[PDB]
file target_28.cif (mmCIF, C-alpha atoms)
data_start
loop_
_atom_site.group_PDB
_atom_site.id
_atom_site.type_symbol
_atom_site.label_atom_id
_atom_site.label_comp_id
_atom_site.auth_asym_id
_atom_site.auth_seq_id
_atom_site.Cartn_x
_atom_site.Cartn_y
_atom_site.Cartn_z
ATOM 1 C CA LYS A 1 2.833 55.090 -10.190
ATOM 2 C CA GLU A 2 2.267 52.232 -12.665
ATOM 3 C CA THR A 3 -0.442 50.028 -11.220
ATOM 4 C CA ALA A 4 0.332 46.380 -10.522
ATOM 5 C CA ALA A 5 -2.223 45.373 -13.163
ATOM 6 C CA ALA A 6 -0.617 47.643 -15.753
ATOM 7 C CA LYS A 7 2.813 46.299 -14.823
ATOM 8 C CA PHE A 8 1.490 42.766 -15.348
ATOM 9 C CA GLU A 9 0.243 43.701 -18.806
ATOM 10 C CA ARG A 10 3.551 45.369 -19.678
ATOM 11 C CA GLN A 11 5.728 42.531 -18.379
ATOM 12 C CA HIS A 12 3.617 39.505 -19.374
ATOM 13 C CA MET A 13 0.879 40.189 -21.948
ATOM 14 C CA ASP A 14 1.580 39.859 -25.657
ATOM 15 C CA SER A 15 -1.784 38.855 -27.135
ATOM 16 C CA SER A 16 -0.716 39.740 -30.692
ATOM 17 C CA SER A 17 8.207 33.239 -32.812
ATOM 18 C CA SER A 18 11.598 34.398 -34.021
ATOM 19 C CA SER A 19 14.591 33.239 -32.023
ATOM 20 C CA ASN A 20 15.021 36.982 -31.393
ATOM 21 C CA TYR A 21 11.501 37.415 -30.015
ATOM 22 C CA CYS A 22 12.696 37.688 -26.426
ATOM 23 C CA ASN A 23 15.534 40.113 -27.182
ATOM 24 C CA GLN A 24 13.116 42.537 -28.877
ATOM 25 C CA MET A 25 10.237 42.060 -26.418
ATOM 26 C CA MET A 26 12.388 42.371 -23.297
ATOM 27 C CA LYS A 27 13.679 45.614 -24.774
ATOM 28 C CA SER A 28 10.297 46.971 -25.887
ATOM 29 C CA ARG A 29 8.660 46.258 -22.508
ATOM 30 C CA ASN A 30 11.421 48.203 -20.651
ATOM 31 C CA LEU A 31 12.769 45.040 -19.026
ATOM 32 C CA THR A 32 16.367 45.748 -20.135
ATOM 33 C CA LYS A 33 16.568 49.252 -18.631
ATOM 34 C CA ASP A 34 19.086 49.388 -15.753
ATOM 35 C CA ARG A 35 19.442 45.607 -15.648
ATOM 36 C CA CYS A 36 18.665 42.512 -17.665
ATOM 37 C CA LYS A 37 15.494 41.042 -16.149
ATOM 38 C CA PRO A 38 16.774 37.436 -16.098
ATOM 39 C CA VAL A 39 13.549 35.471 -16.519
ATOM 40 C CA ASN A 40 10.227 36.456 -17.990
ATOM 41 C CA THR A 41 7.133 34.878 -19.467
ATOM 42 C CA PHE A 42 4.858 36.411 -22.096
ATOM 43 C CA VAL A 43 1.301 35.115 -22.470
ATOM 44 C CA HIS A 44 -0.205 35.126 -25.951
ATOM 45 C CA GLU A 45 -3.862 34.691 -25.133
ATOM 46 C CA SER A 46 -6.324 37.530 -25.168
ATOM 47 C CA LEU A 47 -6.341 39.866 -22.203
ATOM 48 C CA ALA A 48 -9.899 38.705 -21.548
ATOM 49 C CA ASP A 49 -8.830 35.067 -21.349
ATOM 50 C CA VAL A 50 -5.966 35.858 -18.959
ATOM 51 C CA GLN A 51 -8.140 38.087 -16.776
ATOM 52 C CA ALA A 52 -10.640 35.228 -16.633
ATOM 53 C CA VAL A 53 -7.998 33.128 -14.842
ATOM 54 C CA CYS A 54 -8.912 35.180 -11.768
ATOM 55 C CA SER A 55 -12.183 33.181 -11.749
ATOM 56 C CA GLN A 56 -10.571 29.739 -12.232
ATOM 57 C CA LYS A 57 -8.567 27.470 -9.895
ATOM 58 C CA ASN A 58 -7.665 29.142 -6.597
ATOM 59 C CA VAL A 59 -4.183 28.093 -5.445
ATOM 60 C CA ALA A 60 -1.591 29.290 -2.961
ATOM 61 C CA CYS A 61 0.973 31.752 -4.262
ATOM 62 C CA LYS A 62 4.709 31.147 -3.879
ATOM 63 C CA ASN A 63 4.747 33.935 -1.258
ATOM 64 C CA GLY A 64 2.036 32.186 0.793
ATOM 65 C CA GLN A 65 -0.840 34.498 -0.100
ATOM 66 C CA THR A 66 -4.084 32.847 -1.203
ATOM 67 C CA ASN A 67 -5.042 35.133 -4.088
ATOM 68 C CA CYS A 68 -3.379 33.018 -6.786
ATOM 69 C CA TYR A 69 -5.226 31.365 -9.641
ATOM 70 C CA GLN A 70 -4.233 28.636 -12.045
ATOM 71 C CA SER A 71 -5.709 28.683 -15.526
ATOM 72 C CA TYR A 72 -7.928 25.689 -16.142
ATOM 73 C CA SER A 73 -6.660 25.484 -19.727
ATOM 74 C CA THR A 74 -3.146 25.552 -21.063
ATOM 75 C CA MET A 75 -2.181 28.817 -22.717
ATOM 76 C CA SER A 76 0.306 29.743 -25.391
ATOM 77 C CA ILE A 77 3.287 31.351 -23.663
ATOM 78 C CA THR A 78 6.888 32.241 -24.379
ATOM 79 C CA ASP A 79 9.593 31.830 -21.742
ATOM 80 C CA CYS A 80 12.444 34.331 -22.029
ATOM 81 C CA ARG A 81 15.539 33.375 -20.087
ATOM 82 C CA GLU A 82 18.741 35.387 -20.068
ATOM 83 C CA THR A 83 21.633 33.391 -21.492
ATOM 84 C CA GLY A 84 24.550 32.340 -19.347
ATOM 85 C CA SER A 85 26.758 34.842 -21.211
ATOM 86 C CA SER A 86 24.311 37.789 -21.380
ATOM 87 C CA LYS A 87 25.980 40.974 -20.097
ATOM 88 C CA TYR A 88 24.091 44.215 -19.481
ATOM 89 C CA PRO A 89 23.582 46.421 -21.458
ATOM 90 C CA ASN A 90 23.561 43.812 -24.275
ATOM 91 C CA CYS A 91 20.797 41.715 -22.784
ATOM 92 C CA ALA A 92 20.539 38.362 -24.542
ATOM 93 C CA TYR A 93 17.762 35.863 -24.078
ATOM 94 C CA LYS A 94 16.812 32.418 -25.211
ATOM 95 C CA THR A 95 13.244 32.239 -26.498
ATOM 96 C CA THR A 96 11.258 29.075 -25.751
ATOM 97 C CA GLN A 97 7.636 28.611 -26.813
ATOM 98 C CA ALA A 98 5.293 26.491 -24.712
ATOM 99 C CA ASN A 99 1.664 25.650 -23.930
ATOM 100 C CA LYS A 100 1.151 25.569 -20.176
ATOM 101 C CA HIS A 101 -1.207 26.517 -17.403
ATOM 102 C CA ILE A 102 -0.352 29.896 -15.905
ATOM 103 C CA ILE A 103 -0.603 30.851 -12.245
ATOM 104 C CA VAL A 104 -1.186 34.539 -11.506
ATOM 105 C CA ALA A 105 -1.954 36.568 -8.399
ATOM 106 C CA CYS A 106 -5.185 38.549 -8.728
ATOM 107 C CA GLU A 107 -6.196 41.748 -7.018
ATOM 108 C CA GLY A 108 -8.117 44.978 -7.267
ATOM 109 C CA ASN A 109 -11.295 46.229 -8.852
ATOM 110 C CA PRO A 110 -11.616 44.965 -11.538
ATOM 111 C CA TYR A 111 -10.123 41.753 -10.146
ATOM 112 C CA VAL A 112 -7.279 41.061 -12.558
ATOM 113 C CA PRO A 113 -3.751 39.570 -12.620
ATOM 114 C CA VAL A 114 -1.137 41.639 -10.807
ATOM 115 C CA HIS A 115 1.742 39.126 -10.715
ATOM 116 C CA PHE A 116 2.899 36.102 -12.676
ATOM 117 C CA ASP A 117 3.591 33.304 -10.226
ATOM 118 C CA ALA A 118 4.455 30.393 -12.494
ATOM 119 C CA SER A 119 3.652 28.211 -15.466
ATOM 120 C CA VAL A 120 2.870 24.543 -14.891
#
call {"tool": "encode", "arguments": {"input": "target_28.cif", "output": "C-alpha cells"}}
result
Amino acid sequence: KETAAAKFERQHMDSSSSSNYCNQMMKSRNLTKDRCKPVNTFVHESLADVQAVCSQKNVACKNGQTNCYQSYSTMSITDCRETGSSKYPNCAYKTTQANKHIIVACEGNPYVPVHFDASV
C-alpha cells in the first residue's frame, strides 16, 4: 500500500510554468486514472522545506484533527483546477501559479506531510 507520505509526495511535490503544466502533471502523477481529480496543488519548494512545515505553525485541520501545520513562509505553488468543460478521459485543467502559505497534515516517523489541507 502506498504510504500517506508517499501519496503526498506523488500528489503535491514538484520541487523541480506552461499553461499545459497541470494537464501533463496531473497525468504523470496518476491523478487522471479512473477519474479527473478536480483540484490539486503542487508545491515547488524542496522536499526538505515542505517537510520542515511539520515544525512550524500548528493549526487545526479542516477535518478537526490538530496535526495540521501552516508554513511560516509563503511557498511557490501551482493550483490545478479542472475546467468547467473537462470530460474524463480528456482531463483538462487550468494552471495558476501562486506564492502562498501551505497547510499540511503531518504524521508518522519521520514526521512529514501526509495530506494537503489548504493554501492561504
call {"tool": "residues_around", "arguments": {"input": "target_28.cif", "residues": "residue A:31", "least_positions_apart": "2", "cutoff": "12 Å", "atoms": "all atoms listed in the file", "output": "PDB file with C-alpha atoms, keeping the file's coordinate frame"}}
result
ATOM      1  CA  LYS A   7       2.813  46.299 -14.823  1.00  0.00           C
ATOM      2  CA  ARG A  10       3.551  45.369 -19.678  1.00  0.00           C
ATOM      3  CA  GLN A  11       5.728  42.531 -18.379  1.00  0.00           C
ATOM      4  CA  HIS A  12       3.617  39.505 -19.374  1.00  0.00           C
ATOM      5  CA  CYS A  22      12.696  37.688 -26.426  1.00  0.00           C
ATOM      6  CA  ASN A  23      15.534  40.113 -27.182  1.00  0.00           C
ATOM      7  CA  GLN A  24      13.116  42.537 -28.877  1.00  0.00           C
ATOM      8  CA  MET A  25      10.237  42.060 -26.418  1.00  0.00           C
ATOM      9  CA  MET A  26      12.388  42.371 -23.297  1.00  0.00           C
ATOM     10  CA  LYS A  27      13.679  45.614 -24.774  1.00  0.00           C
ATOM     11  CA  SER A  28      10.297  46.971 -25.887  1.00  0.00           C
ATOM     12  CA  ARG A  29       8.660  46.258 -22.508  1.00  0.00           C
ATOM     13  CA  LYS A  33      16.568  49.252 -18.631  1.00  0.00           C
ATOM     14  CA  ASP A  34      19.086  49.388 -15.753  1.00  0.00           C
ATOM     15  CA  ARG A  35      19.442  45.607 -15.648  1.00  0.00           C
ATOM     16  CA  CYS A  36      18.665  42.512 -17.665  1.00  0.00           C
ATOM     17  CA  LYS A  37      15.494  41.042 -16.149  1.00  0.00           C
ATOM     18  CA  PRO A  38      16.774  37.436 -16.098  1.00  0.00           C
ATOM     19  CA  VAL A  39      13.549  35.471 -16.519  1.00  0.00           C
ATOM     20  CA  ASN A  40      10.227  36.456 -17.990  1.00  0.00           C
ATOM     21  CA  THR A  41       7.133  34.878 -19.467  1.00  0.00           C
ATOM     22  CA  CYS A  80      12.444  34.331 -22.029  1.00  0.00           C
ATOM     23  CA  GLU A  82      18.741  35.387 -20.068  1.00  0.00           C
ATOM     24  CA  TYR A  88      24.091  44.215 -19.481  1.00  0.00           C
ATOM     25  CA  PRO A  89      23.582  46.421 -21.458  1.00  0.00           C
ATOM     26  CA  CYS A  91      20.797  41.715 -22.784  1.00  0.00           C
ATOM     27  CA  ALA A  92      20.539  38.362 -24.542  1.00  0.00           C
ATOM     28  CA  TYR A  93      17.762  35.863 -24.078  1.00  0.00           C
TER      29      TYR A  93
END
call {"tool": "resolve_selection", "arguments": {"input": "target_28.cif", "expression": "the PyMOL selection byres ((chain A and resi 59) around 12)", "output": "MDAnalysis selection string"}}
result
chainID A and resid 53:58 60:72 102:106 117:118
call {"tool": "atom_distance", "arguments": {"input": "target_28.cif", "atom1": "atom CA of residue A:5", "atom2": "atom CA of residue A:112"}}
result
6.7 Å
call {"tool": "closest_residue", "arguments": {"input": "target_28.cif", "among": "A:30, A:99, A:109, A:16", "to": "residue A:47", "atoms": "all atoms listed in the file"}}
result
A:16
call {"tool": "residues_around", "arguments": {"input": "target_28.cif", "residues": "residue A:9", "least_positions_apart": "3", "cutoff": "12 Å", "atoms": "only C-alpha atoms", "output": "VMD selection string"}}
result
chain A and resid 2 to 6 12 to 15 29 41 to 48 50 to 51 104 112 to 116
call {"tool": "residues_near_point", "arguments": {"input": "target_28.cif", "point": "(13.2, 30.0, -23.4)", "cutoff": "7 Å", "atoms": "all atoms listed in the file", "output": "JSON, numbers by chain"}}
result
{"A": [78, 79, 80, 81, 94, 95, 96, 97]}
call {"tool": "atom_distance", "arguments": {"input": "target_28.cif", "atom1": "atom CA of residue A:19", "atom2": "atom CA of residue A:86"}}
result
15.1 Å
call {"tool": "atom_distance", "arguments": {"input": "target_28.cif", "atom1": "atom CA of residue A:49", "atom2": "atom CA of residue A:17"}}
result
20.6 Å
call {"tool": "axis_aligned_box", "arguments": {"input": "target_28.cif", "around": "stretch 96-109 of chain A", "padding_each_side": "4 Å", "output": "JSON"}}
result
{"center_x": 0.0, "center_y": 35.9, "center_z": -16.9, "size_x": 30.6, "size_y": 28.7, "size_z": 27.8}
call {"tool": "closest_residue", "arguments": {"input": "target_28.cif", "among": "A:8, A:1, A:32, A:18", "to": "residue A:107", "atoms": "all atoms listed in the file"}}
result
A:8
